[PDB]
Amino acid sequence: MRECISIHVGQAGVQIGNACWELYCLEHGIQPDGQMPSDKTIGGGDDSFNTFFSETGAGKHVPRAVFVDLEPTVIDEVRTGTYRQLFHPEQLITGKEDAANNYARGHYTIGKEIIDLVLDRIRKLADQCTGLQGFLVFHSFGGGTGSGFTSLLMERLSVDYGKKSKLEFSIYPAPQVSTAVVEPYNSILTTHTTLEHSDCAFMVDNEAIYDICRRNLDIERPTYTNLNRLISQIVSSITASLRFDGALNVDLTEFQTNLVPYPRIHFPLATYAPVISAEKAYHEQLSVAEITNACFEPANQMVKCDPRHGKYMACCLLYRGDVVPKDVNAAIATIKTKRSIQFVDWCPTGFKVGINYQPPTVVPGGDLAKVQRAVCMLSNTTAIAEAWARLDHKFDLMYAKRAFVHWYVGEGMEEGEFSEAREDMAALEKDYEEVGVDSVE
Amino acid sequence: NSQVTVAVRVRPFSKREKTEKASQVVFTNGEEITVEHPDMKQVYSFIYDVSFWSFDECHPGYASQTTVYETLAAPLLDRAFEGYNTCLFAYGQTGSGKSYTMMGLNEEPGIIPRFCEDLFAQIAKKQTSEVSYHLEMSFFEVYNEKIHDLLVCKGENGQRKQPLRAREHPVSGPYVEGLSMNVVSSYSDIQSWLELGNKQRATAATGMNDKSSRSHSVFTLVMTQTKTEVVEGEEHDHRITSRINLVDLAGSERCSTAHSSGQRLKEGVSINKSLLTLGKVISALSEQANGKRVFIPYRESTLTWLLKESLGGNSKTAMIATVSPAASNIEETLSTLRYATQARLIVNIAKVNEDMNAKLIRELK
Amino acid sequence: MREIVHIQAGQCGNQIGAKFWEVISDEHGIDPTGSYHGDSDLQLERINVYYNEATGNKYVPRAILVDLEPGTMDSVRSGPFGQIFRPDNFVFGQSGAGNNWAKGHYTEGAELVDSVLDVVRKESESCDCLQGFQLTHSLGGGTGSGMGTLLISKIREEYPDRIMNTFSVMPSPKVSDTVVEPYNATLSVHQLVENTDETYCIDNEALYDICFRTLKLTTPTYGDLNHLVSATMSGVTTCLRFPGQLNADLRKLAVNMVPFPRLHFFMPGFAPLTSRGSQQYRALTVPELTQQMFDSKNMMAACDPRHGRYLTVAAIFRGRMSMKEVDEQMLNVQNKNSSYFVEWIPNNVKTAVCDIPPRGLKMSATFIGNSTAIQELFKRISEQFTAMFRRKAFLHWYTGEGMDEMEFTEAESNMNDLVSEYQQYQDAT
Ligand SMILES: CC(=O)O[C@H]1C(=O)[C@@]2(C)[C@H]([C@H](OC(=O)c3ccccc3)[C@]3(O)C[C@H](OC(=O)[C@H](O)[C@@H](NC(=O)c4ccccc4)c4ccccc4)C(C)=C1C3(C)C)[C@]1(OC(C)=O)CO[C@@H]1C[C@@H]2O
Ligand SMILES: Nc1nc2c(ncn2[C@@H]2O[C@H](COP(=O)(O)OP(=O)(O)OP(=O)(O)O)[C@@H](O)[C@H]2O)c(=O)[nH]1
Ligand SMILES: Nc1nc2c(ncn2[C@@H]2O[C@H](COP(=O)(O)OP(=O)(O)O)[C@@H](O)[C@H]2O)c(=O)[nH]1
Ligand SMILES: Nc1ncnc2c1ncn2[C@@H]1O[C@H](COP(=O)(O)OP(=O)(O)O)[C@@H](O)[C@H]1O
Ligand SMILES: [Mg+2]
């Protein structure tokens with residue numbers, strides 16, 4: 001059977017993970033105590049789907065997850081919260097010191113002393129599987145942990161496991177909003193390392209969702225307990241085809257093939273169209289077309305990057321609920337007719353489609369409404385080169401004076417590693433340009 | 001102005017490398033050192049002030065020991081005999097050919113002995129009994145930002161290397177409290193001091209070599225020149241002094257490709273910090289020479305603090321980097337090429353020298 | 001478990017620390033007997049940060065008290081919260097320093113420092129994971145400036161990879177409280193610059209202007225001024241004790257705040273501060289906190305940042321808030337007041353949020369800024385310094401205790417260089 005390991009690293013990972021397993025438990029009928037009263041009421045069924053939850057003989061269902069912070073605060077919310085009786089107590093809080101938003105701290109100094117435990121519990125989880133399909137790493141650029149520890153880990157797994165899909169779900173740093181001075185360095189450092197080991201890194205920025213919740217959900221002052229519920233849904237659609245029935249099922253090695261033309265341009269975006277409040281759940285039809293067109297609106301992207309400044313290479317559309325295929329085909333044609341959406345000449349197909357019959361579920365206490373159908377888009381565009389350039393210019397402005405560097409050297413980093421990582425992102429800026437040049441003869 | 005002469009020595013292939021047939025990655029086109037990875041991907045190009053192509057003895061521009069000396073060091077001697085200060089830094093990884101360039105062997109001698117003997121020869125030529133000279137030298141090290149004396153008789157016990165401290169004299173600038181100084185008249189009485197110091201200099205076995213350098217080293221030669229005026233009034237009062245500093249620097253050493261812990265880690269961090277501050281100083285001095293006045297962070301390291309008066313004002317500074325051309329050490333050579341550089345390094349792609357079998361565009365033309 | 005050591009030296013540190021432990025204890029629900037009488041369970045999970053435990057569910061603070069006169073200590077003992085401290089940590093001699101930095105550094109303090117370190121080496125080894133140190137002292141005097149910087153040098157050699165956070169009341173511009181004030185401060189800055197990682201510069205005249213304008217206090221005493229400093233001390237390290245959305249610590253702030261190793265003198269502040277009558281007329285929101293934070297009239301440093309540029313600042317929040325409000329508001333400052341910020345640091349702001357506010361306030365905010373306007377404090381002292389040293393006004397009381405004139409000139413240059421290093425970034429090309 002199909003089995004995936006969800007890893008959450010740092011604070012941006014955990015607070016997302018707490019929202020995900022909140023949702024995974026509801027879709028499958030699991031209480032926070034790991035129990036499933038419906039199955040003993042039913043007498044059958046594998047709704048306790050062994051993709052995300054392992055099962056013991058006593059009826060308790062235990063999630064396939066490991067998450068670690070290198071500080072004990074955020075996990076300790078889980079070891080004393082409402083989901084304590086769900087998880088395995090082997091959660092890593094060997095975080096007596098934090099990474100101080102330093103790569104050099106999550107990659108070396110405190111980058112070790114914690115990793116041998118992490119690889120062991122994973123190896124235990126993998127030894128309980130009848131077949132793996134890949135990993136799901138939830139982290140954040142900008143920190144030391146989500147940047148450094150994520151890189152060291154991705155290096156080791158590429159040795160022990162090798163050819164297994166590794167899908168990252170990371171918080172991309174925003175152009176204006178930012179909660180740290182040294183974000184540009186930490187992003188360029190792990191981006192250099194994770195490039196040769198990852199397979200597809202799904203980008204999200206916190207600045208776009210602030211506007212989505214404003215314009216669509218009509219929330220005027222949201223916090224991270226809202227941004228992380230939407231991110232919980234993007235993942236469910238990706239991993240829905242491994243749990244529930246469907247017409248056109250999509251495995252995890254299918255994103256790796258259709259959305260990654262060349263091995264270094266595996267940075268796609270994401271979004272979720274029918275993000276509406278309960279009130280606006282009326283007054284609208286929410287058909288396949290109205291939902292599918294919204295995914296191509298530049299204002300409904302979960303990353304701050306205008307795709308109209310670039311060209312599309314590949315787009316995977318994952319539908320859920322009461323959806324009929326002809327409605328998808330009619331809609332995808334309407335998009336290729338519109339001229340503001342330019343595709344590369346070397347990809348005349350462009351689109352992938354996936355359809356499922358299990359609609360999304362409503363986390364109670366939430367802001368999203370109940371719908372019959374829901375859509376998740378994943379796109380690879382040349383516009384994101386603009387965002388790589390913003391980081392490189394911030395890098396150069398404050399590296400020309402060697403600012404904040406003595407905090408990284410103080411941990412074991414060399415002065416040259418900054419250059420070695422700035423040159424690889426100047427080659428990436430060209431590869432995104434070379435791809436976008438239409439061919440000639 | 002006071003510019004900084006950066007130079008590079010490309011060592012030739014050794015016997016081990018020729019037997020293993022280690023291929024060449026560092027090439028020259030005259031005014032450029034180029035690095036072409038065996039994958040034929042991003043090709044790096046560096047433009048320095050002086051390039052020393054010691055690669056093959058029959059290539060044009062072959063950089064002999066005498067060539068290197070006359071190119072870099074002798075102007076520092078001519079400057080010292082004017083009443084100004086000079087500093088020569090030596091940087092390189094282990095096995096790159098740094099000691100060959102600075103000291104030399106029993107034969108093919110290097111900058112240290114060449115400079116010393118030429119200095120003494122010019123002193124002899126300028127001796128008159130109207131003009132007199134006096135030479136006094138010292139030799140010390142820097143280890144985890146602590147100063148140690150290398151010319152002190154020490155026994156064997158725990159924590160014996162007593163640390164000295166830096167102090168700032170209002171006129172003469174910074175100096176070391178308690179550092180010894182010894183008078184000299186030739187090179188045969190320098191060699192026995194240097195051989196005493198280089199045995200007390202800190203070393204430790206690591207993944208690069210079983211005897212690597214883990215502390216910065218400073219050899220300072222202080223010249224005093226006395227003159228007398230014929231007015232029957234200035235009795236041996238015209239004094240002018242100069243300082244020649246020769247600084248052996250330790251390598252960066254990445255702690256990623258060398259799993260270490262404890263004292264070696266601390267040593268690496270300290271060395272790294274020192275090198276970073278030195279780079280900031282040299283770049284700021286270059287900007288100062290090019291006109292834009294700036295602030296030199298001398299005070300962020302013992303080395304720069306002690307060498308303050310020898311890297312500023314009316315002075316001369318040279319930095320000799322040493323790099324190996326083998327493909328077995330891309331990361332270190334590129335690290336040493338990216339370090340020693342004041343201008344901007346350029347990168348391109350140049351696998352298209354195989355357009356059509358030695359292009360042969362002669363036909364097209 | 002992150003842990004902090006508190007060292008209180010002089011009459012200013014102890015009279016501040018006595019409110020500090022009276023502010024942290026009232027948070028974690030500890031009463032003067034060391035016993036717990038709280039309501040919430042989050043008060044105990046991270047009690048190990050500042051307090052150690054005792055036998056009968058009693059809690060003894062990890063405080064170390066230092067002085068050269070017993071008057072300070074008897075006030076703490078015969079006081080509100082004196083029965084909680086460890087009596088074996090009340091270290092003191094007699095015959096104070098006479099406002100002589102020499103006496104506290106070389107002559108008298110050296111006969112007492114070895115007893116102080118015996119306590120520090122004891123408390124630290126009793127901890128699981130030490131995060132840093134915490135010193136409250138004063139410049140302008142002998143003990144705080146001499147004994148403090150002496151303990152800094154010794155602890156730094158023993159624990160160089162830990163933080164050394166130092167709260168220090170700097171000398172005021174208009175009216176002094178000692179005559180040899182610049183002699184003692186310049187020699188302290190020579191030690192703090194090289195050895196500390198973050199120091200928070202406080203000026204009493206700034207605190208008087210706060211009590212008069214904002215709080216409308218007519219007769220403020222020293223028990224009130226320190227009731228403001230205790231707030232800043234508590235806000236900085238709150239994210240080590242209580243949970244939150246975007247957490248932080250002492251080291252995360254030092255990284256973002258210290259671009260170069262020497263520029264770690266900060267301009268602190270605290271919100272929301274108001275009068276007892278005008279509390280009914282103010283809406284307590286995140287923007288109303290930000291406008292108060294970045295106001296020149298709520299800085300405790302007595303230096304106008306509008307005469308300089310911010311290299312990098314920090315803003316620690318506490319309460320149930322929304323993270324869009326924080327990011328949007330701290331952005332609006334950089335875009336509006338673009339000239340008071342550095343061009344080669346794109347986002348000059350660090351942010352942190354905790355979910356547990358103060359005893360009776362829905363929210364609060366703590367501010368840390370590193371600005372070039374601290375240039376004026378050191379430039380001012382040097383003019384006072386050379387005006388005295390040029391004629392040796394009082395230099396014979398310092399040389400008589402084992403010091404030279406050369407040591408006075410070192411402290412002046414290192415101060416004047418730092419003055420320039422800050423000025424190097426008040427200029428654009
Ligand atoms: C109904 C009401 O508004 O009561 C407030 C109050 O009137 C005001 C004036 C309080 C009051 O402030 C003062 O009276 C004061 C006097 C001198 C110096 C500084 C403050 C208050 O004392 C302050 C006190 O706040 C706290 O207790 C915090 O926990 C504070 N700790 C202590 O005050 C404290 C000290 C010793 C023993 C027990 C508690 C604190 C500050 C920072 C971090 C942690 C805790 C509170 C609610 C008030 C009073 C009591 C009037 C304010 O104080 C602070 C720093 O929050 C001033 O603005 C706030 C809130 C109000 O405006
Ligand atoms: N979407 C989202 N982002 C978060 C959340 N928490 C933190 N972040 C992001 O994380 C970024 C900073 O990196 P951190 O996640 O704090 O780094 P870290 O993994 O915690 O590593 P340390 O800082 O050493 O603890 C900020 O830009 C935030 O936007 C969250 O709950 N949701
Ligand atoms: N904020 C504050 N500052 C104080 C207090 N008491 C003394 N000071 C400051 O401390 C300085 C006196 O130095 P001090 O250390 O007490 O002298 P010492 O006792 O001989 O070491 C003065 O400049 C005061 O500004 C106080 O209660 N609060
Ligand atoms: N110009 C040169 N010609 C030939 N060999 C050289 C030259 N320069 C250096 N070498 C070789 O380099 C070696 C010195 O390397 P080593 O001293 O171990 O490195 P380091 O100088 O960094 O300590 C010598 O054995 C010598 O054969
Ligand atoms: Mg964190």
# chains A, B, ... in the order shown; residues from 1 in each chain; ligands from 1
call {"tool": "residues_near_ligand", "arguments": {"ligand": "ligand 5", "cutoff": "8 Å", "atoms": "only C-alpha atoms and all ligand atoms", "output": "PyMOL selection string"}}
result
(chain A and resi 10-12+69-71+74+98-99+143+145) or (chain C and resi 246-248)
call {"tool": "write_last_selection", "arguments": {"atoms": "N, CA and C atoms", "output": "short mmCIF file (atom, residue, chain, number, x, y, z; two decimals), in the first residue's frame"}}
result
data_model
loop_
_atom_site.label_atom_id
_atom_site.label_comp_id
_atom_site.auth_asym_id
_atom_site.auth_seq_id
_atom_site.Cartn_x
_atom_site.Cartn_y
_atom_site.Cartn_z
N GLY A 10 11.04 23.09 12.42
CA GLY A 10 10.94 24.44 12.92
C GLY A 10 9.53 24.82 13.32
N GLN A 11 9.35 26.12 13.50
CA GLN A 11 8.09 26.67 13.98
C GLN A 11 7.08 26.83 12.85
N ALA A 12 7.53 27.25 11.67
CA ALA A 12 6.63 27.35 10.53
C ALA A 12 6.14 25.98 10.09
N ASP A 69 12.18 21.01 16.16
CA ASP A 69 12.23 22.46 16.17
C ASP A 69 13.61 23.01 16.47
N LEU A 70 14.36 22.33 17.33
CA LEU A 70 15.57 22.85 17.98
C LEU A 70 15.24 23.99 18.95
N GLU A 71 13.98 24.08 19.36
CA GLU A 71 13.59 24.75 20.59
C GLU A 71 12.37 24.03 21.15
N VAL A 74 7.45 25.13 20.98
CA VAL A 74 6.30 24.90 20.11
C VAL A 74 5.86 23.44 20.17
N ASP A 98 18.36 27.53 20.41
CA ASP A 98 17.81 27.73 19.08
C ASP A 98 18.93 28.04 18.09
N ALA A 99 18.56 28.11 16.81
CA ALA A 99 19.51 28.42 15.76
C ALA A 99 19.71 29.92 15.56
N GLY A 143 14.71 31.20 8.53
CA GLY A 143 15.26 30.74 9.79
C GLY A 143 16.54 29.96 9.59
N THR A 145 17.00 26.93 11.34
CA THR A 145 16.51 25.56 11.38
C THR A 145 15.88 25.13 10.06
N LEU C 246 5.51 33.62 16.86
CA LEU C 246 6.85 33.87 16.36
C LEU C 246 7.75 34.14 17.55
N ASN C 247 8.50 33.12 17.97
CA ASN C 247 9.28 33.21 19.18
C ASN C 247 10.64 33.84 18.90
N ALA C 248 11.37 34.12 19.98
CA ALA C 248 12.67 34.74 19.90
C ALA C 248 13.42 34.47 21.19
#
call {"tool": "interface_residues", "arguments": {"of": "chain A", "to": "chain B", "cutoff": "10 Å", "atoms": "only C-alpha atoms", "output": "PyMOL selection string"}}
result
chain A and resi 104+107-109+400-402+405-417+419-420+423-424+426-427
call {"tool": "write_last_selection", "arguments": {"atoms": "N, CA and C atoms", "output": "PDB file, in the first residue's frame"}}
result
ATOM      1  N   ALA A 104      24.259  28.614   9.838  1.00  0.00           N
ATOM      2  CA  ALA A 104      25.476  27.984  10.379  1.00  0.00           C
ATOM      3  C   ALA A 104      25.153  27.312  11.706  1.00  0.00           C
ATOM      4  N   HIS A 107      22.964  24.060  10.548  1.00  0.00           N
ATOM      5  CA  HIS A 107      23.669  23.183   9.582  1.00  0.00           C
ATOM      6  C   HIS A 107      24.853  22.494  10.257  1.00  0.00           C
ATOM      7  N   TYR A 108      25.491  23.155  11.217  1.00  0.00           N
ATOM      8  CA  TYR A 108      26.671  22.558  11.893  1.00  0.00           C
ATOM      9  C   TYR A 108      26.451  22.471  13.407  1.00  0.00           C
ATOM     10  N   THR A 109      27.051  23.433  14.099  1.00  0.00           N
ATOM     11  CA  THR A 109      26.998  23.548  15.587  1.00  0.00           C
ATOM     12  C   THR A 109      25.804  22.813  16.207  1.00  0.00           C
ATOM     13  N   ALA A 400      28.369  43.196   0.430  1.00  0.00           N
ATOM     14  CA  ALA A 400      29.467  44.027  -0.036  1.00  0.00           C
ATOM     15  C   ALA A 400      30.197  44.690   1.122  1.00  0.00           C
ATOM     16  N   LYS A 401      29.536  44.805   2.271  1.00  0.00           N
ATOM     17  CA  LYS A 401      30.121  45.340   3.489  1.00  0.00           C
ATOM     18  C   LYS A 401      30.365  44.265   4.538  1.00  0.00           C
ATOM     19  N   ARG A 402      30.107  43.001   4.209  1.00  0.00           N
ATOM     20  CA  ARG A 402      30.348  41.876   5.103  1.00  0.00           C
ATOM     21  C   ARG A 402      29.604  42.055   6.423  1.00  0.00           C
ATOM     22  N   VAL A 405      28.133  38.642   8.951  1.00  0.00           N
ATOM     23  CA  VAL A 405      28.875  37.458   8.542  1.00  0.00           C
ATOM     24  C   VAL A 405      29.596  36.837   9.728  1.00  0.00           C
ATOM     25  N   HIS A 406      30.057  37.665  10.664  1.00  0.00           N
ATOM     26  CA  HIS A 406      30.816  37.151  11.796  1.00  0.00           C
ATOM     27  C   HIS A 406      29.973  36.287  12.721  1.00  0.00           C
ATOM     28  N   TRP A 407      28.651  36.302  12.565  1.00  0.00           N
ATOM     29  CA  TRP A 407      27.798  35.395  13.316  1.00  0.00           C
ATOM     30  C   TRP A 407      27.768  34.010  12.694  1.00  0.00           C
ATOM     31  N   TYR A 408      28.025  33.916  11.392  1.00  0.00           N
ATOM     32  CA  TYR A 408      28.062  32.655  10.669  1.00  0.00           C
ATOM     33  C   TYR A 408      29.436  32.009  10.743  1.00  0.00           C
ATOM     34  N   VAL A 409      30.491  32.807  10.569  1.00  0.00           N
ATOM     35  CA  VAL A 409      31.849  32.317  10.774  1.00  0.00           C
ATOM     36  C   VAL A 409      32.021  31.822  12.198  1.00  0.00           C
ATOM     37  N   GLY A 410      31.380  32.495  13.151  1.00  0.00           N
ATOM     38  CA  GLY A 410      31.452  32.107  14.546  1.00  0.00           C
ATOM     39  C   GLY A 410      30.902  30.730  14.847  1.00  0.00           C
ATOM     40  N   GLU A 411      30.289  30.147  13.826  1.00  0.00           N
ATOM     41  CA  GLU A 411      29.654  28.812  13.904  1.00  0.00           C
ATOM     42  C   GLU A 411      30.392  27.833  12.987  1.00  0.00           C
ATOM     43  N   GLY A 412      31.323  28.278  12.160  1.00  0.00           N
ATOM     44  CA  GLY A 412      32.063  27.306  11.333  1.00  0.00           C
ATOM     45  C   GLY A 412      31.915  27.536   9.842  1.00  0.00           C
ATOM     46  N   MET A 413      31.196  28.552   9.419  1.00  0.00           N
ATOM     47  CA  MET A 413      31.054  28.805   7.994  1.00  0.00           C
ATOM     48  C   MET A 413      32.238  29.590   7.454  1.00  0.00           C
ATOM     49  N   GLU A 414      32.569  29.329   6.194  1.00  0.00           N
ATOM     50  CA  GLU A 414      33.645  30.041   5.524  1.00  0.00           C
ATOM     51  C   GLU A 414      33.099  31.254   4.783  1.00  0.00           C
ATOM     52  N   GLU A 415      33.959  32.256   4.604  1.00  0.00           N
ATOM     53  CA  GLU A 415      33.578  33.444   3.847  1.00  0.00           C
ATOM     54  C   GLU A 415      33.199  33.094   2.415  1.00  0.00           C
ATOM     55  N   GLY A 416      33.784  32.028   1.873  1.00  0.00           N
ATOM     56  CA  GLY A 416      33.601  31.694   0.473  1.00  0.00           C
ATOM     57  C   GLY A 416      32.280  31.034   0.154  1.00  0.00           C
ATOM     58  N   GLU A 417      31.669  30.403   1.142  1.00  0.00           N
ATOM     59  CA  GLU A 417      30.385  29.691   0.935  1.00  0.00           C
ATOM     60  C   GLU A 417      29.313  30.673   0.457  1.00  0.00           C
ATOM     61  N   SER A 419      29.716  33.205  -1.579  1.00  0.00           N
ATOM     62  CA  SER A 419      29.955  33.394  -3.030  1.00  0.00           C
ATOM     63  C   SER A 419      29.504  32.132  -3.763  1.00  0.00           C
ATOM     64  N   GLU A 420      29.984  30.985  -3.333  1.00  0.00           N
ATOM     65  CA  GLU A 420      29.626  29.721  -3.962  1.00  0.00           C
ATOM     66  C   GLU A 420      28.119  29.540  -4.069  1.00  0.00           C
ATOM     67  N   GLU A 423      26.708  32.416  -6.768  1.00  0.00           N
ATOM     68  CA  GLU A 423      27.022  32.101  -8.181  1.00  0.00           C
ATOM     69  C   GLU A 423      26.007  31.074  -8.687  1.00  0.00           C
ATOM     70  N   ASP A 424      25.590  30.137  -7.849  1.00  0.00           N
ATOM     71  CA  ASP A 424      24.629  29.124  -8.258  1.00  0.00           C
ATOM     72  C   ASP A 424      23.246  29.708  -8.472  1.00  0.00           C
ATOM     73  N   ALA A 426      22.966  32.867  -9.595  1.00  0.00           N
ATOM     74  CA  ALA A 426      23.154  33.634 -10.813  1.00  0.00           C
ATOM     75  C   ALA A 426      23.151  32.756 -12.051  1.00  0.00           C
ATOM     76  N   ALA A 427      23.466  31.472 -11.904  1.00  0.00           N
ATOM     77  CA  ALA A 427      23.251  30.497 -12.961  1.00  0.00           C
ATOM     78  C   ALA A 427      21.790  30.112 -13.087  1.00  0.00           C
TER      79      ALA A 427
END
call {"tool": "interface_residues", "arguments": {"of": "chain C", "to": "chain A", "cutoff": "7 Å", "atoms": "only C-alpha atoms", "output": "CSV table (one decimal) with N, CA and C atoms, in the first residue's frame"}}
result
chain,number,residue,atom,x,y,z
C,1,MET,N,16.0,23.5,28.4
C,1,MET,CA,15.6,24.6,29.3
C,1,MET,C,16.7,25.7,29.2
C,2,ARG,N,16.3,26.9,28.7
C,2,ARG,CA,17.2,28.0,28.7
C,2,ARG,C,17.2,28.7,30.1
C,129,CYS,N,21.0,24.1,30.6
C,129,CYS,CA,21.6,24.7,29.4
C,129,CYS,C,21.6,26.2,29.7
C,243,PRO,N,4.8,30.8,25.7
C,243,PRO,CA,4.8,30.4,24.3
C,243,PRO,C,4.2,31.5,23.4
C,251,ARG,N,19.8,35.4,21.7
C,251,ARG,CA,20.8,35.3,20.6
C,251,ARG,C,20.2,35.6,19.3
C,252,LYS,N,18.9,35.3,19.1
C,252,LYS,CA,18.2,35.7,17.8
C,252,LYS,C,18.1,37.2,17.6
C,255,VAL,N,21.8,38.6,16.7
C,255,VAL,CA,22.2,38.4,15.3
C,255,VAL,C,21.6,39.5,14.4
C,256,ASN,N,20.3,39.8,14.5
C,256,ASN,CA,19.7,40.8,13.7
C,256,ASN,C,20.1,42.2,14.1
C,259,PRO,N,25.1,44.1,13.4
C,259,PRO,CA,25.7,43.8,12.1
C,259,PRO,C,27.2,43.7,12.1
C,260,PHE,N,27.8,44.6,12.9
C,260,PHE,CA,29.3,44.5,13.2
C,260,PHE,C,29.5,44.3,14.7
C,322,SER,N,-2.8,39.9,15.9
C,322,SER,CA,-2.9,39.5,14.5
C,322,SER,C,-1.5,39.8,13.8
C,323,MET,N,-1.0,38.8,13.1
C,323,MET,CA,0.4,38.9,12.6
C,323,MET,C,0.4,39.8,11.3
C,324,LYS,N,-0.7,40.0,10.7
C,324,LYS,CA,-0.7,41.0,9.6
C,324,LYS,C,-0.5,42.4,10.1
C,325,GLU,N,-1.1,42.7,11.2
C,325,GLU,CA,-1.0,44.1,11.8
C,325,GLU,C,0.4,44.4,12.1
C,327,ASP,N,3.3,43.0,10.8
C,327,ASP,CA,4.1,43.1,9.6
C,327,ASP,C,3.8,44.3,8.8
C,331,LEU,N,6.3,47.7,8.5
C,331,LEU,CA,6.6,48.1,7.1
C,331,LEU,C,6.3,49.5,6.9
C,344,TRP,N,21.3,49.9,3.0
C,344,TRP,CA,21.9,48.6,2.7
C,344,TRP,C,21.5,47.6,3.7
C,345,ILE,N,20.4,47.8,4.4
C,345,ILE,CA,19.7,46.8,5.2
C,345,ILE,C,18.2,46.9,4.8
C,346,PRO,N,17.7,46.0,3.9
C,346,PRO,CA,16.4,46.2,3.3
C,346,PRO,C,15.3,46.2,4.3
C,347,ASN,N,15.2,45.2,5.2
C,347,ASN,CA,14.2,45.1,6.3
C,347,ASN,C,15.0,45.3,7.6
C,348,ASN,N,14.9,46.5,8.2
C,348,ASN,CA,15.6,46.8,9.4
C,348,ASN,C,14.9,46.4,10.7
C,349,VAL,N,13.9,45.5,10.6
C,349,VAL,CA,13.0,45.2,11.7
C,349,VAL,C,13.0,43.7,12.0
C,350,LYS,N,13.1,43.4,13.3
C,350,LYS,CA,12.8,42.0,13.8
C,350,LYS,C,11.6,42.1,14.6
C,351,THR,N,10.7,41.0,14.5
C,351,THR,CA,9.5,41.0,15.2
C,351,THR,C,9.4,39.7,16.0
call {"tool": "residues_around", "arguments": {"residues": "residue 341 (chain A)", "least_positions_apart": "2", "cutoff": "8 Å", "atoms": "only C-alpha atoms", "output": "list in words"}}
result
residues 308, 311, 312, 335, 336, 338, 339 and 343 of chain A
call {"tool": "residues_around", "arguments": {"residues": "region 126-129 of chain A", "least_positions_apart": "4", "cutoff": "9 Å", "atoms": "only C-alpha atoms", "output": "MDAnalysis selection string"}}
result
chainID A and resid 1:5 50 54 121:122
call {"tool": "write_last_selection", "arguments": {"atoms": "N, CA, C and O atoms", "output": "short mmCIF file (atom, residue, chain, number, x, y, z; two decimals), in the first residue's frame"}}
result
data_model
loop_
_atom_site.label_atom_id
_atom_site.label_comp_id
_atom_site.auth_asym_id
_atom_site.auth_seq_id
_atom_site.Cartn_x
_atom_site.Cartn_y
_atom_site.Cartn_z
N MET A 1 0.84 -1.23 0.00
CA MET A 1 0.00 0.00 0.00
C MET A 1 0.86 1.26 0.00
O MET A 1 2.08 1.19 0.07
N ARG A 2 0.19 2.41 -0.07
CA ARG A 2 0.84 3.69 -0.28
C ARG A 2 1.01 4.39 1.06
O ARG A 2 0.05 4.48 1.83
N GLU A 3 2.21 4.88 1.33
CA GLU A 3 2.58 5.40 2.64
C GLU A 3 3.59 6.53 2.48
O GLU A 3 4.61 6.37 1.81
N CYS A 4 3.29 7.66 3.10
CA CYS A 4 4.10 8.87 3.02
C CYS A 4 4.48 9.34 4.42
O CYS A 4 3.71 9.19 5.37
N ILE A 5 5.67 9.92 4.53
CA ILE A 5 6.18 10.46 5.78
C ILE A 5 6.12 11.97 5.70
O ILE A 5 6.72 12.58 4.81
N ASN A 50 -3.93 3.95 5.82
CA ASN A 50 -2.56 3.68 6.22
C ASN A 50 -1.54 4.50 5.46
O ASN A 50 -0.34 4.23 5.58
N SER A 54 -0.68 4.94 11.01
CA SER A 54 -0.50 3.54 11.35
C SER A 54 -1.48 3.15 12.45
O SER A 54 -1.95 3.98 13.23
N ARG A 121 14.23 7.52 13.84
CA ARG A 121 12.78 7.40 13.95
C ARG A 121 12.15 7.31 12.57
O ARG A 121 11.13 6.62 12.39
N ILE A 122 12.71 8.02 11.60
CA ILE A 122 12.27 7.87 10.21
C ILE A 122 12.48 6.44 9.75
O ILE A 122 11.58 5.81 9.18
#
call {"tool": "select_by_dssp", "arguments": {"residues": "region 185-382 of chain A", "states": "helix (DSSP H, G or I)", "output": "PyMOL selection string"}}
result
chain A and resi 185-194+206-215+224-240+255-258+279-281+288-295+298-300+307-309+325-337+382
